[PDB]
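Student: This is the structure I want to talk about, given as structure tokens.
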Amino acid sequence: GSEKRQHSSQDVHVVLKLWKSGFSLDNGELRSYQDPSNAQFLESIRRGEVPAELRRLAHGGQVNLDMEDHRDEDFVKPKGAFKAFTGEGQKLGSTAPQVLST
């Protein structure tokens, strides 16, 4: 976590995950496909334009948005791990009683 340094300009991916309620970005949490504030993301990402949260995540260079599908996984993005286990299956039990070291 950078906290307060700079947004490392190393050309990074902002993951957009598709859920049963909405979508989440690597910068934020799940926003349902209904809310008028999520509409910006939905509309811009629909086109291919960049929501501010992504450019406010990576430096203003290669901010690329990578899409994942999870859907009935509810929401798992900030929670822990990476990609929330999209490797052959989905979440796969999520047997992580802890946040770190797993």
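We label chains A, B, ... in the order they appear in the structure tokens, count residues from 1 in each chain, and number ligands from 1 in the order shown.
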Counting only C-alpha atoms, what is within 12 Å of residue A:92, bar same-chain residues fewer than 6 positions away, as a count of residues only?

Tutor: 5

Student: Check the DSSP output for the backbone and give back, as a list in words, the residues of chain A in alpha helix (DSSP H).

Tutor: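 Taking chain A and keeping alpha helix (DSSP H) gives residues 39, 40, 41, 42, 43, 44, 45, 46, 47, 52, 53, 54 and 55 of chain A.
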
Student: Rounded to one decimal place, report the atom CA of residue A:41-atom CA of residue A:14 distance in Å.

Tutor: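 Taking atom CA of residue A:41 and atom CA of residue A:14, their separation equals 12.5 Å.
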
Student: Please list as a list in words every residue within 12 Å of residue A:34, counting only C-alpha atoms and excluding residues in the same chain fewer than 6 positions away.

Tutor: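 Listing them by chain and then by number gives residues 20, 21, 22, 23, 40, 41, 42 and 43 of chain A.
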
Student: Please produce an output containing N, CA and C atoms for each residue in the selection, written as an mmCIF file, in the first residue's frame.

Tutor:
data_model
loop_
_atom_site.group_PDB
_atom_site.id
_atom_site.type_symbol
_atom_site.label_atom_id
_atom_site.label_comp_id
_atom_site.auth_asym_id
_atom_site.auth_seq_id
_atom_site.Cartn_x
_atom_site.Cartn_y
_atom_site.Cartn_z
ATOM 1 N N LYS A 20 -23.070 -10.396 -8.928
ATOM 2 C CA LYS A 20 -24.501 -10.580 -9.119
ATOM 3 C C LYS A 20 -25.261 -9.292 -8.841
ATOM 4 N N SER A 21 -24.662 -8.422 -8.045
ATOM 5 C CA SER A 21 -25.274 -7.147 -7.730
ATOM 6 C C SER A 21 -24.673 -6.038 -8.579
ATOM 7 N N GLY A 22 -23.350 -6.029 -8.704
ATOM 8 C CA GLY A 22 -22.702 -4.968 -9.440
ATOM 9 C C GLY A 22 -21.293 -5.299 -9.858
ATOM 10 N N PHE A 23 -20.423 -4.314 -9.749
ATOM 11 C CA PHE A 23 -19.049 -4.434 -10.201
ATOM 12 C C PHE A 23 -18.117 -3.721 -9.232
ATOM 13 N N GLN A 40 -21.575 6.286 -13.944
ATOM 14 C CA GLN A 40 -20.385 6.831 -14.608
ATOM 15 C C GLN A 40 -19.450 5.723 -15.060
ATOM 16 N N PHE A 41 -18.975 4.952 -14.093
ATOM 17 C CA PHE A 41 -18.167 3.763 -14.363
ATOM 18 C C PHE A 41 -18.792 2.936 -15.474
ATOM 19 N N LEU A 42 -20.024 2.488 -15.245
ATOM 20 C CA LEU A 42 -20.735 1.649 -16.205
ATOM 21 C C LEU A 42 -20.730 2.261 -17.599
ATOM 22 N N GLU A 43 -20.991 3.555 -17.673
ATOM 23 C CA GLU A 43 -21.099 4.255 -18.946
ATOM 24 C C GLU A 43 -19.731 4.406 -19.609
#

Student: Could you please determine the separation between atom CA of residue A:11 and atom CA of residue A:46 in Å, to one decimal place?

Tutor: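 It comes out at 21.5 Å.
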